[PDB]
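**Student:** run.cif is reproduced below (mmCIF, C-alpha atoms and all ligand atoms).
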data_my_file
#
loop_
_atom_site.label_atom_id
_atom_site.label_comp_id
_atom_site.auth_asym_id
_atom_site.auth_seq_id
_atom_site.Cartn_x
_atom_site.Cartn_y
_atom_site.Cartn_z
CA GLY A 2018 94.29 104.66 119.09
CA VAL A 2019 90.98 102.79 119.59
CA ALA A 2020 87.97 103.96 117.52
CA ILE A 2021 85.20 105.17 119.90
CA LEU A 2022 83.44 107.80 117.72
CA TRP A 2023 81.52 106.94 114.53
CA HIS A 2024 83.72 108.87 112.07
CA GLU A 2025 86.82 107.14 113.56
CA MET A 2026 85.12 103.69 113.29
CA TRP A 2027 83.86 104.32 109.73
CA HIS A 2028 87.35 105.56 108.68
CA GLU A 2029 89.37 102.44 109.66
CA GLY A 2030 86.34 100.18 108.94
CA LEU A 2031 86.06 101.20 105.26
CA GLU A 2032 89.90 101.11 104.99
CA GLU A 2033 89.83 97.46 106.20
CA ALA A 2034 86.81 96.61 103.96
CA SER A 2035 88.35 98.20 100.84
CA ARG A 2036 91.64 96.31 101.45
CA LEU A 2037 89.73 92.99 101.75
CA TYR A 2038 87.51 93.45 98.65
CA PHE A 2039 89.75 95.29 96.14
CA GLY A 2040 93.16 94.08 97.40
CA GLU A 2041 92.29 90.44 98.27
CA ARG A 2042 88.88 89.69 96.49
CA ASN A 2043 87.32 88.82 99.91
CA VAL A 2044 83.61 89.67 99.42
CA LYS A 2045 82.42 87.76 102.55
CA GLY A 2046 85.22 89.34 104.64
CA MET A 2047 84.29 92.81 103.29
CA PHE A 2048 80.66 92.35 104.50
CA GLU A 2049 81.75 91.06 107.98
CA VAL A 2050 83.38 94.49 108.72
CA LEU A 2051 80.60 96.55 106.98
CA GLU A 2052 77.46 94.87 108.37
CA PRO A 2053 78.16 95.57 112.11
CA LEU A 2054 78.87 99.29 111.40
CA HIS A 2055 75.56 99.62 109.47
CA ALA A 2056 73.78 97.78 112.33
CA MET A 2057 75.03 100.39 114.88
CA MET A 2058 73.57 103.20 112.68
CA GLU A 2059 70.23 101.28 112.58
CA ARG A 2060 70.23 101.20 116.43
CA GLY A 2061 70.60 105.03 116.34
CA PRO A 2062 72.83 107.86 117.67
CA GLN A 2063 73.34 108.65 121.42
CA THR A 2064 75.75 111.63 121.55
CA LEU A 2065 75.68 114.97 119.66
CA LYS A 2066 78.76 113.94 117.59
CA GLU A 2067 76.96 110.69 116.58
CA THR A 2068 73.79 112.66 115.61
CA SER A 2069 75.76 115.23 113.52
CA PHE A 2070 77.52 112.33 111.73
CA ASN A 2071 74.11 110.72 111.01
CA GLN A 2072 72.77 114.04 109.59
CA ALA A 2073 75.81 114.43 107.27
CA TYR A 2074 76.73 110.87 106.17
CA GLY A 2075 73.80 108.65 107.33
CA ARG A 2076 71.75 109.01 104.12
CA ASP A 2077 74.84 108.24 101.96
CA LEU A 2078 75.77 105.18 104.08
CA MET A 2079 72.18 103.80 104.11
CA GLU A 2080 72.13 104.13 100.28
CA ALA A 2081 75.51 102.30 100.10
CA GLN A 2082 73.90 99.46 102.13
CA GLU A 2083 70.87 99.42 99.73
CA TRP A 2084 73.29 98.92 96.79
CA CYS A 2085 75.05 96.19 98.85
CA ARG A 2086 71.63 94.47 99.39
CA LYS A 2087 71.04 94.77 95.60
CA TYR A 2088 74.36 92.89 95.04
CA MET A 2089 73.18 90.08 97.40
CA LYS A 2090 69.92 89.57 95.42
CA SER A 2091 71.28 90.08 91.86
CA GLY A 2092 74.93 88.96 91.96
CA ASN A 2093 76.02 91.64 89.41
CA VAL A 2094 79.28 93.24 90.67
CA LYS A 2095 78.27 96.57 88.98
CA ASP A 2096 75.83 97.03 91.94
CA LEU A 2097 78.68 96.45 94.45
CA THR A 2098 80.85 99.15 92.76
CA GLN A 2099 77.95 101.69 93.07
CA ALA A 2100 78.08 101.10 96.86
CA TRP A 2101 81.89 101.60 96.86
CA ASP A 2102 81.53 104.91 94.95
CA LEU A 2103 79.32 106.17 97.85
CA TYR A 2104 81.69 104.66 100.49
CA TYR A 2105 84.66 106.53 98.90
CA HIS A 2106 82.72 109.85 99.01
CA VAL A 2107 82.11 109.56 102.79
CA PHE A 2108 85.73 108.37 103.42
CA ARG A 2109 87.46 111.45 101.89
CA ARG A 2110 85.18 113.90 103.78
CA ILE A 2111 86.07 112.11 107.08
CA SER A 2112 89.78 111.96 106.02
CA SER B 1 105.15 93.93 81.13
CA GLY B 2 105.58 97.67 81.78
CA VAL B 3 103.31 100.59 80.80
CA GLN B 4 103.64 102.23 77.34
CA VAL B 5 102.55 105.92 77.61
CA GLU B 6 101.51 107.91 74.48
CA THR B 7 100.66 111.64 74.77
CA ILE B 8 97.38 113.19 73.52
CA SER B 9 97.99 116.82 74.68
CA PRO B 10 101.09 118.37 76.39
CA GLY B 11 101.55 119.59 80.00
CA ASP B 12 103.39 122.63 81.41
CA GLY B 13 106.66 120.64 81.82
CA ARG B 14 108.17 121.95 85.08
CA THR B 15 105.36 121.14 87.59
CA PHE B 16 105.30 117.39 88.54
CA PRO B 17 103.30 115.48 91.24
CA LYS B 18 105.57 114.91 94.28
CA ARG B 19 105.00 112.45 97.16
CA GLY B 20 102.34 113.82 99.59
CA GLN B 21 100.21 115.69 97.00
CA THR B 22 96.69 114.64 95.89
CA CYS B 23 96.45 114.08 92.08
CA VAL B 24 93.03 115.43 90.94
CA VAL B 25 92.35 113.87 87.48
CA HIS B 26 89.71 112.89 84.91
CA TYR B 27 90.06 109.37 83.40
CA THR B 28 88.54 106.75 81.07
CA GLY B 29 89.46 103.03 81.39
CA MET B 30 88.74 100.66 78.46
CA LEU B 31 89.66 97.06 77.55
CA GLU B 32 92.18 95.82 74.92
CA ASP B 33 89.48 95.37 72.22
CA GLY B 34 87.95 98.88 72.70
CA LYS B 35 84.97 98.49 75.11
CA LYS B 36 84.73 100.96 78.01
CA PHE B 37 84.58 99.69 81.68
CA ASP B 38 84.93 102.91 83.77
CA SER B 39 84.92 106.70 83.11
CA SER B 40 84.90 109.82 85.34
CA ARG B 41 84.18 112.07 82.28
CA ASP B 42 80.73 110.44 81.92
CA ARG B 43 79.95 111.15 85.63
CA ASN B 44 81.00 114.88 85.33
CA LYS B 45 83.11 114.82 88.55
CA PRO B 46 86.94 114.47 88.78
CA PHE B 47 88.72 111.72 90.75
CA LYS B 48 91.22 112.63 93.53
CA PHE B 49 93.95 110.33 94.97
CA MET B 50 97.14 110.59 97.08
CA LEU B 51 100.15 109.41 95.02
CA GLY B 52 103.02 107.43 96.63
CA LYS B 53 100.98 105.51 99.30
CA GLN B 54 100.15 102.38 97.14
CA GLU B 55 96.49 103.53 96.74
CA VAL B 56 96.20 102.62 93.00
CA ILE B 57 97.60 99.98 90.57
CA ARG B 58 101.29 99.90 89.51
CA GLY B 59 100.56 101.34 86.02
CA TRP B 60 99.10 104.47 87.65
CA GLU B 61 101.79 104.58 90.41
CA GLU B 62 104.61 104.97 87.79
CA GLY B 63 102.55 106.34 84.84
CA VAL B 64 100.83 109.26 86.62
CA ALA B 65 104.13 110.19 88.41
CA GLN B 66 105.97 110.77 85.08
CA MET B 67 103.10 113.02 83.78
CA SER B 68 103.23 116.82 84.27
CA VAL B 69 100.29 119.11 85.14
CA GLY B 70 97.67 119.83 82.43
CA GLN B 71 98.64 116.77 80.32
CA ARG B 72 96.24 114.31 78.62
CA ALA B 73 97.72 110.86 77.77
CA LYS B 74 96.95 107.24 76.77
CA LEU B 75 98.43 104.72 79.29
CA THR B 76 98.49 101.19 77.77
CA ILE B 77 98.98 99.18 81.02
CA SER B 78 100.26 95.56 80.90
CA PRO B 79 98.69 92.71 83.04
CA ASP B 80 101.95 92.59 85.13
CA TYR B 81 101.39 96.23 86.21
CA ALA B 82 97.53 95.84 86.16
CA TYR B 83 95.34 93.36 88.22
CA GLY B 84 96.91 90.30 86.56
CA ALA B 85 96.25 86.55 86.96
CA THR B 86 93.50 87.02 89.57
CA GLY B 87 92.10 90.15 87.90
CA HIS B 88 89.08 92.02 89.30
CA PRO B 89 86.00 89.61 89.22
CA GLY B 90 83.13 90.58 86.86
CA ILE B 91 84.88 93.73 85.47
CA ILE B 92 88.54 92.96 84.54
CA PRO B 93 89.21 89.30 83.55
CA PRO B 94 92.58 87.39 83.95
CA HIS B 95 95.63 88.79 82.07
CA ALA B 96 93.98 91.91 80.55
CA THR B 97 95.77 94.80 78.76
CA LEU B 98 94.02 97.91 80.18
CA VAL B 99 93.95 101.09 78.04
CA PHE B 100 93.62 104.17 80.33
CA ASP B 101 92.95 107.63 78.88
CA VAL B 102 93.73 110.15 81.68
CA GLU B 103 94.08 113.96 82.10
CA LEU B 104 96.04 115.41 85.07
CA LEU B 105 94.10 118.66 85.61
CA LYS B 106 95.17 119.89 89.09
CA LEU B 107 98.07 119.06 91.48
CA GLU B 108 96.19 120.14 94.70
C1 LIG C 1 83.63 102.04 92.43
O1 LIG C 1 84.77 102.89 92.45
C2 LIG C 1 85.97 102.32 93.01
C3 LIG C 1 87.02 102.25 91.91
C4 LIG C 1 86.68 101.32 90.74
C5 LIG C 1 86.76 99.84 91.16
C6 LIG C 1 86.79 98.92 89.93
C7 LIG C 1 87.88 99.34 88.93
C8 LIG C 1 87.85 98.36 87.74
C9 LIG C 1 87.69 100.82 88.51
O2 LIG C 1 86.43 100.96 87.83
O3 LIG C 1 87.64 101.61 89.70
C10 LIG C 1 88.83 101.32 87.66
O4 LIG C 1 88.59 101.92 86.64
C11 LIG C 1 90.27 101.17 87.99
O5 LIG C 1 90.78 100.18 87.51
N1 LIG C 1 91.00 102.04 88.77
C12 LIG C 1 90.35 103.27 89.36
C13 LIG C 1 91.18 104.54 89.12
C14 LIG C 1 92.69 104.39 89.24
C15 LIG C 1 93.21 103.11 88.60
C16 LIG C 1 92.45 101.85 89.08
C17 LIG C 1 92.80 101.53 90.54
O6 LIG C 1 93.96 101.38 90.82
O7 LIG C 1 91.84 101.39 91.49
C18 LIG C 1 92.05 100.81 92.83
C19 LIG C 1 92.08 99.26 92.69
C20 LIG C 1 90.68 98.72 92.34
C21 LIG C 1 92.55 98.48 93.94
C22 LIG C 1 93.94 98.77 94.51
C23 LIG C 1 95.06 98.53 93.49
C24 LIG C 1 96.44 98.72 94.15
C25 LIG C 1 96.61 97.75 95.32
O8 LIG C 1 97.89 97.95 95.92
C26 LIG C 1 95.52 98.02 96.37
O9 LIG C 1 95.67 97.07 97.43
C27 LIG C 1 95.20 97.47 98.72
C28 LIG C 1 94.13 97.85 95.73
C29 LIG C 1 90.93 101.34 93.76
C30 LIG C 1 91.13 102.75 94.32
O10 LIG C 1 90.29 103.60 93.53
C31 LIG C 1 90.97 104.54 92.70
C32 LIG C 1 90.78 102.90 95.82
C33 LIG C 1 90.60 104.38 96.26
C34 LIG C 1 91.83 102.30 96.73
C35 LIG C 1 91.78 101.18 97.43
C36 LIG C 1 90.62 100.19 97.43
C37 LIG C 1 92.95 100.77 98.34
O11 LIG C 1 94.24 101.23 97.91
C38 LIG C 1 92.67 101.20 99.79
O12 LIG C 1 93.51 100.38 100.62
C39 LIG C 1 93.00 100.01 101.90
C40 LIG C 1 92.90 102.66 100.13
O13 LIG C 1 94.02 103.01 100.45
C41 LIG C 1 91.73 103.67 100.08
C42 LIG C 1 92.16 105.16 100.09
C43 LIG C 1 90.69 103.41 101.21
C44 LIG C 1 89.22 103.73 100.85
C45 LIG C 1 88.29 103.36 102.03
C46 LIG C 1 88.75 102.98 99.62
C47 LIG C 1 87.62 103.31 98.99
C48 LIG C 1 87.18 102.57 97.79
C49 LIG C 1 87.06 103.24 96.62
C50 LIG C 1 86.62 102.56 95.39
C51 LIG C 1 86.42 103.15 94.19
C52 LIG C 1 86.63 104.64 94.01
#
So, in terms of structure tokens, how does the structure I just supplied come out?
Ligand SMILES: CO[C@H]1C[C@@H]2CC[C@@H](C)[C@@](O)(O2)C(=O)C(=O)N2CCCC[C@H]2C(=O)O[C@H]([C@H](C)C[C@@H]2CC[C@@H](O)[C@H](OC)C2)C[C@@H](OC)[C@H](C)/C=C(\C)[C@@H](O)[C@@H](OC)C(=O)[C@H](C)C[C@H](C)/C=C/C=C/C=C/1C
**Tutor:**
Amino acid sequence: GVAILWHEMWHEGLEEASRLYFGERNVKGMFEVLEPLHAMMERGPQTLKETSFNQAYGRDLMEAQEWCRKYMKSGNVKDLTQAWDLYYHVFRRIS
Amino acid sequence: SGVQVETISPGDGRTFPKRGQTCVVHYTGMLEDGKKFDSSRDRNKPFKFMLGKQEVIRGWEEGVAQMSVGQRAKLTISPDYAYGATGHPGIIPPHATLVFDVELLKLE
């Protein structure tokens, strides 16, 4: 039960992030789990299973980061919810 | 405290959402005064969630459970059952009475 593959990592990663932000109001803590996962996408896929994940969900996840960057500049929490609407879409399809 | 439910349109009666099943709904959340903060009807896509696993707030956890399939209703949720003293920053302030219109379309 250790997350090697990207869909496994993104599943428990978003579950941890969502618990921190919505459950406990921890915005900084929510980014600390998100930002490393997004950074591994930006490095790029190695395996076939990583590439097929990036084809399916990579555009949605990169858009969710762009909304997260818009929250950092603006400060309006409405931008942060738009990211979490995209994060929920990718979570259910993995689930 | 609590969650006062008031029906808009009636359900089938017999079919209820058990533990394990994924409640597919349409909803509209609005504040105590009237102003609207979130709505799935405006997005034109329904919202799915697994009941019984503490996924949603306490008003939904008891309020949606008592509803039958194909039933529209107005759930006036108290701040005890809602987000409460902390609230949800920049959307729901401290000690808010949340009015939730909701329609349980499909049990799934
Ligand atoms: C941008 O979209 C937001 C929702 C916005 C966020 C802002 C809100 C004002 C509101 O606009 O919805 C709103 O209208 C509202 O008030 N809603 C929504 C509909 C039902 C009632 C109520 C409403 O209960 O929502 C809930 C509260 C926020 C947190 C809950 C309250 C109960 C409490 O025990 C719980 O503690 C952990 C936090 C948000 C839920 O979303 C349904 C989502 C799906 C659930 C969670 C964050 C957690 O459970 C989580 O755990 C680890 C999970 O298991 C899920 C399955 C993991 C997954 C990765 C999370 C994805 C995030 C999705 C975010 C979405 C869809």
**Student:** Enter the distance from CA of residue 58 in chain B to CA of residue 16 in chain B, in Å, rounded to one decimal.
**Tutor:** 18.0 Å
**Student:** Just how far from atom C20 of ligand LIG 1 (chain C) is CA of residue 2037 in chain A, in Å to one decimal?
**Tutor:**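 Between CA of residue 2037 in chain A and atom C20 of ligand LIG 1 (chain C) the gap works out to 11.1 Å.
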**Student:** Any chance you could tabulate, as JSON lines, the residues of chain B at most 10 Å from ligand LIG 1 (chain C) with each one's nearest atom pair and distance in Å to one decimal, using all atoms listed in the file, in chain and rising number order?
**Tutor:**
{"residue": "B:25", "atom": "CA", "partner": "C:LIG1", "partner_atom": "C13", "distance": 9.5}
{"residue": "B:26", "atom": "CA", "partner": "C:LIG1", "partner_atom": "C13", "distance": 9.5}
{"residue": "B:27", "atom": "CA", "partner": "C:LIG1", "partner_atom": "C13", "distance": 7.6}
{"residue": "B:28", "atom": "CA", "partner": "C:LIG1", "partner_atom": "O4", "distance": 7.4}
{"residue": "B:29", "atom": "CA", "partner": "C:LIG1", "partner_atom": "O4", "distance": 5.4}
{"residue": "B:30", "atom": "CA", "partner": "C:LIG1", "partner_atom": "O4", "distance": 8.3}
{"residue": "B:36", "atom": "CA", "partner": "C:LIG1", "partner_atom": "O4", "distance": 9.5}
{"residue": "B:37", "atom": "CA", "partner": "C:LIG1", "partner_atom": "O2", "distance": 6.5}
{"residue": "B:38", "atom": "CA", "partner": "C:LIG1", "partner_atom": "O2", "distance": 4.7}
{"residue": "B:39", "atom": "CA", "partner": "C:LIG1", "partner_atom": "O4", "distance": 7.0}
{"residue": "B:40", "atom": "CA", "partner": "C:LIG1", "partner_atom": "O4", "distance": 8.8}
{"residue": "B:47", "atom": "CA", "partner": "C:LIG1", "partner_atom": "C13", "distance": 7.8}
{"residue": "B:48", "atom": "CA", "partner": "C:LIG1", "partner_atom": "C31", "distance": 8.1}
{"residue": "B:49", "atom": "CA", "partner": "C:LIG1", "partner_atom": "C31", "distance": 6.9}
{"residue": "B:50", "atom": "CA", "partner": "C:LIG1", "partner_atom": "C42", "distance": 8.0}
{"residue": "B:53", "atom": "CA", "partner": "C:LIG1", "partner_atom": "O13", "distance": 7.5}
{"residue": "B:54", "atom": "CA", "partner": "C:LIG1", "partner_atom": "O8", "distance": 5.1}
{"residue": "B:55", "atom": "CA", "partner": "C:LIG1", "partner_atom": "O11", "distance": 3.4}
{"residue": "B:56", "atom": "CA", "partner": "C:LIG1", "partner_atom": "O6", "distance": 3.4}
{"residue": "B:57", "atom": "CA", "partner": "C:LIG1", "partner_atom": "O6", "distance": 3.9}
{"residue": "B:58", "atom": "CA", "partner": "C:LIG1", "partner_atom": "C24", "distance": 6.8}
{"residue": "B:59", "atom": "CA", "partner": "C:LIG1", "partner_atom": "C15", "distance": 8.0}
{"residue": "B:60", "atom": "CA", "partner": "C:LIG1", "partner_atom": "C15", "distance": 6.1}
{"residue": "B:61", "atom": "CA", "partner": "C:LIG1", "partner_atom": "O6", "distance": 8.5}
{"residue": "B:64", "atom": "CA", "partner": "C:LIG1", "partner_atom": "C14", "distance": 9.8}
{"residue": "B:81", "atom": "CA", "partner": "C:LIG1", "partner_atom": "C24", "distance": 9.7}
{"residue": "B:82", "atom": "CA", "partner": "C:LIG1", "partner_atom": "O6", "distance": 8.1}
{"residue": "B:83", "atom": "CA", "partner": "C:LIG1", "partner_atom": "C23", "distance": 7.4}
{"residue": "B:87", "atom": "CA", "partner": "C:LIG1", "partner_atom": "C8", "distance": 9.2}
{"residue": "B:88", "atom": "CA", "partner": "C:LIG1", "partner_atom": "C8", "distance": 6.6}
{"residue": "B:89", "atom": "CA", "partner": "C:LIG1", "partner_atom": "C8", "distance": 9.1}
{"residue": "B:90", "atom": "CA", "partner": "C:LIG1", "partner_atom": "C8", "distance": 9.1}
{"residue": "B:91", "atom": "CA", "partner": "C:LIG1", "partner_atom": "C8", "distance": 6.0}
{"residue": "B:92", "atom": "CA", "partner": "C:LIG1", "partner_atom": "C8", "distance": 6.3}
{"residue": "B:98", "atom": "CA", "partner": "C:LIG1", "partner_atom": "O5", "distance": 8.3}
{"residue": "B:100", "atom": "CA", "partner": "C:LIG1", "partner_atom": "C15", "distance": 8.3}
{"residue": "B:102", "atom": "CA", "partner": "C:LIG1", "partner_atom": "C14", "distance": 9.6}
**Student:** If we count all atoms listed in the file and set the cut-off at 12 Å, which residues sit around residue 15 in chain B, ignoring sequence neighbours fewer than 6 positions away in its own chain? Please answer as a PyMOL selection string.
**Tutor:** chain B and resi 65-71+104-108
**Student:** Determine, counting only C-alpha atoms, every residue of protein, DNA or RNA that lies within 7 Å of (100.2, 116.5, 77.4) in the file coordinates, then give the result as a list in words.
**Tutor:** residues 7, 8, 9, 10, 11, 70, 71, 72 and 73 of chain B
**Student:** Chain A near chain B within 9 Å: what's each residue's closest atom pair and its distance in Å to one decimal, counting all atoms listed in the file, ordered by chain then ascending residue number, as a tab-separated table?
**Tutor:**
residue	atom	partner	partner_atom	distance
A:2039	CA	B:88	CA	7.6
A:2042	CA	B:88	CA	7.6
A:2093	CA	B:90	CA	7.6
A:2094	CA	B:90	CA	6.0
A:2095	CA	B:90	CA	8.0
**Student:** Please indicate the distance in Å from CA of residue 2103 in chain A to CA of residue 74 in chain B, rounded to one decimal place.
**Tutor:**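 Taking CA of residue 2103 in chain A and CA of residue 74 in chain B, their separation equals 27.5 Å.
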**Student:** Using only C-alpha atoms, which protein or nucleic acid residues come within 9 Å of range 2062-2067 of chain A? Drop anything in the same chain fewer than 3 positions from it, and give the result as a ChimeraX atom specification.
**Tutor:** /A:2022-2024,2057-2059,2070-2072
**Student:** Point out the residue among A:2079, A:2089, A:2097, A:2034 with the least atom-to-atom distance to residue 2047 in chain A, counting only C-alpha atoms.
**Tutor:** A:2034
**Student:** Please supply range 34-56 of chain B, rebuilt with N, CA and C atoms, as a CSV table (one decimal), in the frame of the given file.
**Tutor:**
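Printed below is part-v4.csv as written:
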chain,number,residue,atom,x,y,z
B,34,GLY,N,88.6,97.5,72.9
B,34,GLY,CA,88.0,98.9,72.7
B,34,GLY,C,86.9,99.3,73.7
B,35,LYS,N,86.1,98.3,74.2
B,35,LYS,CA,85.0,98.5,75.1
B,35,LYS,C,85.4,99.1,76.4
B,36,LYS,N,84.5,100.0,76.9
B,36,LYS,CA,84.7,101.0,78.0
B,36,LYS,C,84.2,100.4,79.3
B,37,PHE,N,85.0,100.3,80.4
B,37,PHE,CA,84.6,99.7,81.7
B,37,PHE,C,84.4,100.7,82.8
B,38,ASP,N,85.1,101.8,82.8
B,38,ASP,CA,84.9,102.9,83.8
B,38,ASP,C,85.4,104.3,83.2
B,39,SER,N,84.7,105.3,83.6
B,39,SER,CA,84.9,106.7,83.1
B,39,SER,C,84.4,107.8,84.1
B,40,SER,N,85.3,108.6,84.5
B,40,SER,CA,84.9,109.8,85.3
B,40,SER,C,84.3,111.0,84.5
B,41,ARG,N,84.7,111.1,83.2
B,41,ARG,CA,84.2,112.1,82.3
B,41,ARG,C,82.7,112.0,82.1
B,42,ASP,N,82.2,110.7,82.0
B,42,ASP,CA,80.7,110.4,81.9
B,42,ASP,C,79.9,110.8,83.2
B,43,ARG,N,80.5,110.7,84.4
B,43,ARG,CA,80.0,111.2,85.6
B,43,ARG,C,80.0,112.7,85.9
B,44,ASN,N,80.8,113.4,85.2
B,44,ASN,CA,81.0,114.9,85.3
B,44,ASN,C,81.5,115.3,86.7
B,45,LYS,N,82.4,114.5,87.3
B,45,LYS,CA,83.1,114.8,88.6
B,45,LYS,C,84.5,114.2,88.5
B,46,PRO,N,85.6,115.0,88.8
B,46,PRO,CA,86.9,114.5,88.8
B,46,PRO,C,87.2,113.5,90.0
B,47,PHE,N,88.3,112.7,89.8
B,47,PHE,CA,88.7,111.7,90.8
B,47,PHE,C,90.0,112.2,91.4
B,48,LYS,N,90.0,112.3,92.7
B,48,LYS,CA,91.2,112.6,93.5
B,48,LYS,C,91.9,111.4,94.1
B,49,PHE,N,93.2,111.4,94.2
B,49,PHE,CA,94.0,110.3,95.0
B,49,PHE,C,95.4,110.8,95.4
B,50,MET,N,95.8,110.3,96.5
B,50,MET,CA,97.1,110.6,97.1
B,50,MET,C,98.2,109.6,96.5
B,51,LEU,N,99.1,110.2,95.7
B,51,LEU,CA,100.2,109.4,95.0
B,51,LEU,C,101.2,109.1,96.0
B,52,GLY,N,101.9,107.9,95.8
B,52,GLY,CA,103.0,107.4,96.6
B,52,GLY,C,102.7,106.5,97.8
B,53,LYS,N,101.4,106.3,98.1
B,53,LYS,CA,101.0,105.5,99.3
B,53,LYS,C,100.4,104.1,98.9
B,54,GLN,N,100.7,103.6,97.7
B,54,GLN,CA,100.2,102.4,97.1
B,54,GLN,C,98.6,102.3,97.1
B,55,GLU,N,98.0,103.4,96.8
B,55,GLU,CA,96.5,103.5,96.7
B,55,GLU,C,95.9,102.9,95.5
B,56,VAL,N,96.6,103.1,94.3
B,56,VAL,CA,96.2,102.6,93.0
B,56,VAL,C,97.2,101.6,92.4
